[PDB]
Structure formats: C-alpha cells, structure tokens
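Please find one structure pasted underneath; my questions will follow.
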Protein chains: 2
Amino acid sequence: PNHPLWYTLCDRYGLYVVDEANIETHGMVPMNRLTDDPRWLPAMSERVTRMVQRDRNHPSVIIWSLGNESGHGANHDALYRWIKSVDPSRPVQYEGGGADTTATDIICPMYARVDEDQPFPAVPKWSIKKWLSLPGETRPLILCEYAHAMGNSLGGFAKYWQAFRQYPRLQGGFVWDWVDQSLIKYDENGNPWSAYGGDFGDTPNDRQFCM
Amino acid sequence: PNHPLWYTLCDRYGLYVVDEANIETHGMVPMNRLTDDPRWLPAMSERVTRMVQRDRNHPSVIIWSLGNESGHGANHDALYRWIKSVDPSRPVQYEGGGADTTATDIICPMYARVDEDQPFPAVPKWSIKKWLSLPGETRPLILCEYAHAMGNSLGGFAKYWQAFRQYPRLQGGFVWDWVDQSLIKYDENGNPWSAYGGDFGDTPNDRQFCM
Ligand SMILES: CC(C)S[C@@H]1O[C@H](CO)[C@H](O)[C@H](O)[C@H]1O
Ligand code: NA
Ligand code: NA
Ligand code: NA
Ligand code: NA
C-alpha cells in the first residue's frame, strides 16, 4: 500500500490503481514456504485486511492484489475469499504460483511473452495469446509486469500492443517499471552521481538490477 | 454421404470420418433462404435423418455434419438437436452462418487464417488463435476447410501446423482438397487431355476452380 495521498491524487487526476498487500516472500525456498503455513496466516491476514479497511472507499482502486512473488499458498486462498466476501465491488488478483491459480480473478503473469511459450516446470509462462484459450480458461489476462525496462530496453514493445488490440481478453498490463531506483552519492568534489547496488558497501547486492 | 464402401475402408484402414448431409444451398440469396424456411424442413430433415440411420454403426464416423454453405437457419437448429437426441455418441458440426453458431459443437471455419482477422460483416473469419479466446467461447476449433490447394499453392501451410501444435484447442483441420476435379477429353488425334469448367460448352462456368 502506498502513501495515502497517492490514492487521492489518482482519484482526482484519473488513474486506475491496483492496490497491493505488503506481502512478498520471494527469497523463501520454495516461494510459498510461509504463505502455505497456517502459522503465518495471522501476519498475512493483517497486511491484506488492514489495506482493504484503509483504501476501500477510493474509486481509483479498481483491483485488489494479494501481494507479490510469494508462490501460491493456502493463506492466499483464504485471503482471496475474505476480500471477495467483504468487498464484492473489486476483482482480486495475484500472480504467485503460476499467475492463474484459484486465488486470482485475472490471469496476471509477469514477463509472459506474446507468441513464445516458456514452459518452466510447475509455473510455465505461456504465450499470452495461447494462455487465454487453454482448456477451461475463461478469465481476462492483464500482465502484472511486462516489458522489463532495464537500461536500453523495451525492444518488442509494439508486439504486446498489437496483441492487446487484436485480442478482446488481452486487456493490457503494467510495464516494469516507472522509475530507476538509483540513489545519489557525492564524490571527492561534492559532485552528485547515480549509485546502484553495491555502492554503499552493501554486500551481497544485485548491482544495477534496481534500475 | 459417400458410397457405402468408403466407411468400411475407413473402419479397416483407420481414418476419422466427418459424415456430411447432402445439403448445400450456396447460391441462394441470402445463403439461408431455404434453411430458415419451415417449408424446406421436411426435405432437409430426410437428408440428415437418413444419413444418420445408414451410417451410425461405423466406428470411422466420429463427427456428424449438417451440410455445407447453407447459411444458418432454424432448420439447422432443429436438425442439430435431432442428432444430439438420437446419437449422443458423436459431436455435430456445421460451418454455415459464421462457423460458431448454436448449430455446431465445434468451431469449424473455412479458410480462417492463422494470425490475420478477416472481419466480414455478419460472418467474420477471425484469426484461429483469436477465435478460441473470444469472450465466452470454450469450444474446440477444427477448420472444416483450409489451405486451398488450387494449382501452385499450400503457401504458409507450416504456419497452420505451428499453431495446431502450440494451442491445445486448435485441433487441426481438413485441407481443401484431396483430388483435382479435372475430366478427360479427347482431341482430334484421340489423345486424352485434362479438362476443366467451360471445356464442355458448359456456360456459365467457373473454369479451373474445380481443380
Ligand atoms: C470463391 C469463394 C467466394 S467460395 C469458395 O470456393 C472454393 C473454390 O474451390 C470452395 O468451393 C470453397 O468451399 C468456397 O468457400
Ligand atoms: Na484487448
Ligand atoms: Na529490479
Ligand atoms: Na492443438
Ligand atoms: Na473448387
């Protein structure tokens, strides 16, 4: 969840918001180790329930998200249903565990490609065109993350947009991402320079991946 | 419906058969002028019911077809339901009136392209990849006719097969068609040559379109 003013500005200027719970357990092995554990249900429930209680009156918020990169656990299903119960007015989405689990109303993959399948075990990233028509699949597809804009990037961006326009149920997505997470440091002359991971003696670090 | 021996041979050699009622009213304006008319229901019904009564015991027959290129009329809906009622063992297909009407268990377009939409009024031929995922659509797609093999043709045949393998619900199609309908004529020297439309004084004719 963002600083409260953000929702007010999105209300007034006019932007659709996905409001997302402060839950990410990416570094767990496997990713759902905590989110499938009932002992972590209370801690997760608070991050979901208190977000809804704070932001449910904002018109800009049109979709609730259960968080990010935490695999798919039973705690997600419980909290998916909690939201659907207290607020039937907004769809719930969650990408973890393969982007099309029982805890999401929207197929919301990250970095799924337009035509090319990437069939990873357990959590394949199908071609988005192909994903829509998988046997039994009826849901809209909106990428929660796509077109990773790291450095000199966004090659093939037009290919997403041609597909979004041709396919009714391909309803777009959210570019990753808006702004570089670089920080300012000063050299010997007091001159500013843009710093990334590792430049603060922080170790281990992931270098320029914050940009 | 074919010569009765055809189905015996397909039973024994192993080919899947689509058995098709002898109903095509292509030249009517509009195409459904007779098939929507209850006065023509009796004549139409006999062509369907008597086909089913003859052929229902052949294992090679896996799909029933209501005919070809006769628009979509209320008589199709009646006869579709008649077949589902008497023979639950076989899906019923029919391409007329847009390839995805209430008279077909299978989206069965003719000459729908792989990636390119052809948005004709009333009866569009959507791209087959796109057709599958249209809002509310769940049926399998099998082209009743594709890859028109007229003369030097089958350009882009690979493109269909790439899509067929990639998309589970694209379950193939039927090439148009097996054999050139040329006829043998004899000149002055008594030497046989291959003849097409018009070569018999027949007029109007559609020339080499029979091949
Ligand atoms: C020429 C099109 C407007 S009709 C087109 O003609 C073809 C010619 O072989 C086949 O008969 C197809 O079934 C038919 O759709
Ligand atoms: Na779209
Ligand atoms: Na990053
Ligand atoms: Na297929
Ligand atoms: Na022909």
Side-chain angles (χ1 to χ4, degrees), chain A residues 106-108 112 114 117 119 126-137 139-143 146 159-174, chain B residues 18 20 23-31 65 67-71 94-99 106-114 117-118 120 123-137 139-151 153-154 159-182 196-197 204-211:
Chain A
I106 301 158
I107 306 168
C108 53
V114 178
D117 285 349
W126 303 118
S127 155
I128 66 184
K129 292 178 182 175
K130 165 185 178 158
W131 213 321
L132 288 179
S133 59
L134 292 183
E137 192 52 74
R139 280 170 294 181
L141 192 162
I142 305 176
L143 291 114
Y146 81 112
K159 194 184 286 176
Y160 277 99
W161 281 89
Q162 186 283 323
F164 297 159
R165 287 182 176 103
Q166 187 183 358
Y167 287 63
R169 281 172 52 220
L170 287 184
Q171 297 190 250
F174 298 87
Chain B
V18 176
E20 188 150 282
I23 309 170
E24 169 158 358
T25 72
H26 206 158
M28 296 307 298
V29 176
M31 212 189 302
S65 177
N68 189 65
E69 296 182 312
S70 304
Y94 179 60
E95 177 285 334
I106 302 174
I107 306 166
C108 57
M110 48 178 68
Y111 319 105
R113 293 169 184 200
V114 179
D117 289 340
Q118 303 169 83
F120 309 114
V123 291
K125 295 179 194 296
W126 306 114
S127 132
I128 64 184
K129 292 169 167 184
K130 170 187 173 150
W131 210 320
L132 283 177
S133 69
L134 289 184
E137 189 52 73
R139 289 169 288 185
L141 190 163
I142 298 161
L143 295 130
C144 74
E145 300 175 26
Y146 80 112
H148 198 257
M150 178 178 181
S153 196
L154 248 72
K159 195 183 280 171
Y160 277 99
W161 287 85
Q162 192 281 329
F164 297 157
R165 296 189 168 94
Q166 188 179 358
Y167 289 63
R169 278 170 60 219
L170 295 180
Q171 298 188 255
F174 298 84
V175 169
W176 189 274
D177 64 346
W178 182 240
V179 58
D180 270 359
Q181 289 184 62
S182 60
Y196 51 78
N205 71 78
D206 287 292
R207 39 175 184 96
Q208 72 263 43
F209 266 100
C210 56
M211 304 182 307

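Atoms within each ligand, like the ligands themselves, are counted from 1 in listed order. Per chain, numbering begins at 1; letters A, B, ... match sequence-line order. The figures that follow rest on heavy atoms only: side chains count, while hydrogens, waters and symmetry mates do not.
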### Query
Do any of the N, O or S atoms of A:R165 sit under 3.0 Å from the Na ion (ligand 2)?
no
### Task
Distance to 0.1 Å, residue and atom name: give those for the protein heavy atom nearest to atom 5 (C) of ligand 1.
B:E69 OE2, 4.5 Å
### Task
Please determine if the Na ion (ligand 2) has an N/O/S atom from A:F164 lying under 3.0 Å away.
yes
### Task
Around atom 10 (C) of ligand 1, find the nearest protein heavy atom and jot down its residue, atom name and distance.
B:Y111 OH, 4.1 Å
### Query
Taking both backbone and side-chain atoms of B:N68, is any N or O found less than 3.5 Å from an N or O belonging to ligand 1?
no
### Message
Suppose we measure from atom 13 (O) of ligand 1 to each protein heavy atom; which comes out shortest, and what is that distance?
### Response
B:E145 OE1, 2.7 Å
#### Entry: B:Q181, CD: over 12 other non-hydrogen atoms inside 6.0 angstrom
no
### Task
Can you measure from CG (A:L132) to CG (A:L141) and round to the nearest 0.5 angstrom?
5.0 Å
### Where ligand 1 meets B:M110 - atom numbers and elements under 4.0 angstrom, heavy-atom basis
15 (O)
### Query
Does the shortest distance from the Na ion (ligand 4) to an N/O/S atom of B:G172 fall below 3.0 Å?
no
### Message
Return the closest protein heavy atom for atom 1 (C) of ligand 1 as residue, atom name and distance.
### Response
B:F209 CE2, 4.9 Å
### Task
Measure the spacing between CE of B:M31 and OG of B:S70 and express it to the nearest 0.5 Å.
8.0 Å
## Note on the structure
For B:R169 and B:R139, the nearest pair of non-hydrogen atoms, with its separation, is NH2-O, 2.8 Å
### Task
Identify the two heavy atoms, one from B:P124 and one from B:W131, that lie closest to each other, and give their separation to 0.1 Å.
O-CH2, 3.6 Å
### Task
Look at atom 9 (O) of ligand 1 and say which protein heavy atom is nearest, naming residue and atom and giving the distance to 0.1 Å.
B:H148 NE2, 2.8 Å
### Task
Find the distance between OH (B:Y167) and CD (B:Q162) and round it off to the nearest 0.5 Å.
8.0 Å
### Query
Does A:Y167 bring an N, O or S atom to within less than 3.0 Å of the Na ion (ligand 2)?
yes
#### Entry: Nearest-0.5 Å distance that lies between atom OH in A:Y146 and atom CZ in A:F174
9.5 Å
### Message
My question is simple, although I want it checked carefully: is atom 3 (C) of ligand 1 less than 4.0 angstrom from any protein heavy atom?
### Response
no
### Task
Decide side-chain contact (heavy atoms from CB on, under 4.5 Å) for A:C108 and A:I142; before the verdict, give the C-alpha distance in whole Å, the side-chain angles of both, and the deciding distance to 0.1 Å.
CA-CA 5 Å; A:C108 53; A:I142 305 176; 5.7 Å; no
